[PDB]
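Single chain ahead, written as structure tokens, the form deposited in one PDB entry.
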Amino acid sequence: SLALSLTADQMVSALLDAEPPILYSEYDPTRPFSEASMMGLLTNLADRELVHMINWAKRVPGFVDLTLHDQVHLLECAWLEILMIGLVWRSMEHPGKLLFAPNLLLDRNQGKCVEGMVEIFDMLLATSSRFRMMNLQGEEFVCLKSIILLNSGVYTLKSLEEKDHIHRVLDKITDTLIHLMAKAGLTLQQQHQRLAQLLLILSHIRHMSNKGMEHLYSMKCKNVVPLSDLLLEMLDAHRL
């Protein structure tokens, strides 16, 4: 495996180089939007982001070492966590707002336009606020995103010591986080505290993803918000 041979700096460089781009929405201020069509902007955006995420995942060290079945499973488990942590990252500098796209910046007032989204909105805002107070670094963010990809579906016969390989890569990403923090001049106590602070965020990201998946399944059944074939297949994986 190439993943296990990388140094911490080579790991960060690889992850930084694999970053997907920030996409634009189809939002138009002159166009009236309904709750349905505003949510349409977000599901259309997420669909386009998913294509980039799939090709990003191939560049996460260790991910292509896995079978195709396992790669499918990890992305089916983690895709909304990964979209959401990216959303939170790019919203850091916009307190009280979510930057879905450079042309789509929404506050809580617009989050209440669609019913049932206010809570998820507020949770995303709280997570971004937490990143801002921690002064989360881009190098730490790309580490957290790869951990989500590898970790979120690892616990969902003989052959599969694939789980062992995933665990050794995750250990390497932990080493990489600690190296970043040591270079930031943190004391060892501060390094362990910050590492814990970052990993506990992942629990909240998991929570928000689960709640988002529930509302997404609801939006499908209402059959008013367009959902792409890929989104429907991703959503279907979380139901069976």
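Only residues modelled in both forms are compared. Note that residue numbering begins at 1 and tracks the sequence as displayed. Between two forms, the rigid core is defined as the largest C-alpha subset superposing within 1.5 Å.
Not pictured, yet referred to below: the form deposited in another entry.
Student: After fitting the rigid core, tell me which of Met219, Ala18, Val12, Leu231 has its Cα displaced by at least 2 Å between this form and the one not shown.
Tutor: Correct option: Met219.
Student: Core-aligned, does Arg31 move its Cα 2 Å or more between this form and the one not shown?
Tutor: The answer is yes; the displacement is at least 2 Å.
Student: Relative to what's shown here, the Cα pair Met219 and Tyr24 differs by 3 Å or more in the other form. Does it come closer or drift farther?
Tutor: Here the pair is closer than in the other form; there, farther apart.
Student: Report the direction of the Cα distance change between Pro32 and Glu93 in the other form, compared with the displayed form, as closer or farther; the change is 3 Å or more.
Tutor: Those two alpha carbons end up closer in the other form.
Student: Using a 2 Å C-alpha criterion and requiring 3 or more consecutive residues, which regions move between this form and the one not shown after core superposition?
Tutor: Flagged stretches (3+ res, CA at least 2 Å): 27 to 34, 219 to 222.
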